[PDB]
């Protein structure tokens, strides 16, 4: 009894001291927490990165004191003083748990619905890695993914997407305990809804009866072919009434001793280490790849591999759409990165995200390609879970417009400092007839405003490969790779220019003579800028052309490099088939921009580019206007 009550009142006491947060949810889930963590959860406080630990996700991240209490009591590096600093500036206990900051936190939750989607990704990674690595009974990948979620989570559409897909893929090691704390706007029959996803459902569990919860979890674990949801019905004075009379933050040694998990955790990891040694004796190359990939490290020869492939891409000098350049880059990277896991939100023939060796993940088998269905938000938040798990490097594609359907998952990846790769195709009015509901205008500009996010808009096959390789190399941030539907002309480059692509912007065509201005262009508009430079030169007006595949990356280059690309006092003109307003950061009040700030139109692409002023004459006149 007191083992649940200590969680209950540690939470209430820390919330009270902070005078911020909600104490009811952690208090209602204390028996659920006690049951899962003392009877089932396999974890080692001495090594929060133990490869085969069970993964726990508190999807209703507002109940954060529940998780902080559990980490403290079981012996993680989180102290009473840390709990006394709940929600205080720079404390180890922010109001929502933060991955990478606090040992034992598996994901950053707060925005509702995404936690269960993260967990689906973690369970998917376990399934994928188990199919790939486990061999003749040596099951080095074998752990569960447990989730606590609440009513807010279940109302959100992203929970529908993630749990629907989890049902189709038969994720039997995903086990959800739902805090059903209800007796107007929420009347769903949750057991019936989750039956319709193909889940195993344990309804009507007494959420304060540890015997009932343990039996339900046992039933969930036995259902190996379906994810499970367990519907847990939950409900100073209350303190001594519930039998907890210790003052705030006082915990007796006997209760710390009963809760401590270091002895059991150590024996767990030692037992796994013995299994991995048997595995390493029989499968040493696989064993070494498992460690590399779980450690989230790239192959030692990655850069030399990419450099060789880039030289070959240049030898081909293909004029293709960069969505095809993307598929070519994926092929190149996949040879080198066995951890690569692709997918698309029902746009595989459009995003061009499969490669020659992609194997679709199914209910019965592993693979390296996920058909997410028409579920962009689910895809983004599932990819966050895939990358948090370790062992795989996911990418997932949709049309650039539908970045808006998964927008907060993109932001949460950046906040968590993780490195999923978000792929987007059909990036401008250049997509043509599908019209203004699909034609991006402002999306690329808005994506650039996400802190700790790299946005790449490569102009040809060479920039596309560099963008992919840089996205794959980045250790602590995500990337958006933005690709065109229409063919883009390959640009010739020196060896130095090729090597400067990774600096985000570079001079792709210097002026013949002293530059009178600089044209900054990205993606599909570089060719237009180069053509305008030639027309201007024929009029005796010398300008330089700068390709800026990533503003994000250019902005963190040293000042000398940025000045070498964009010299002070040289008028700047930006050309991009999107909203103009972000370019004033570069061109200022006396520069200019060739862009589009209104909605698109349903028509062939060539006509739209002409109608909206993406023409040589307009770029030339605009350049002249700032001289």
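Residue numbers count along the first chain shown, from 1.
- Unmodelled deposited residues between residue 183 and residue 184: 4 to 9, per the record.
- In terms of unmodelled positions of the deposited sequence, the stretch from residue 235 to residue 236 in this entry skips 10 or more residues.
- For the two regions 568-576 and 596-604, the entry's Cα B-factors average higher over 568-576.
- Here the stretch with the larger average CA B-factor, out of 471-479 and 349-357, is 349-357.
- Each of 458, 191, 207, 284 has a CA temperature factor in the record; the biggest one is found at 284.
- Taking only the listed residues 230, 548, 530, 313, the entry reports the highest CA temperature factor at 313.
- Among all modelled residues in this chain, the alpha-carbon of residue 53 has a temperature factor (C-alpha) in the lowest third.
- Annotation for residue 444: CA B-factor lies in the lowest third of the chain's modelled residues.
- Split the chain's modelled residues into thirds by C-alpha temperature factor. Residue 552 is in the middle one.
- When the modelled residues of the chain are ordered by their C-alpha B factor, residue 173 lands in the lowest third.
- Among the modelled residues of its chain, residue 157 has a C-alpha B-factor that falls in the lowest third, as given in the PDB entry.
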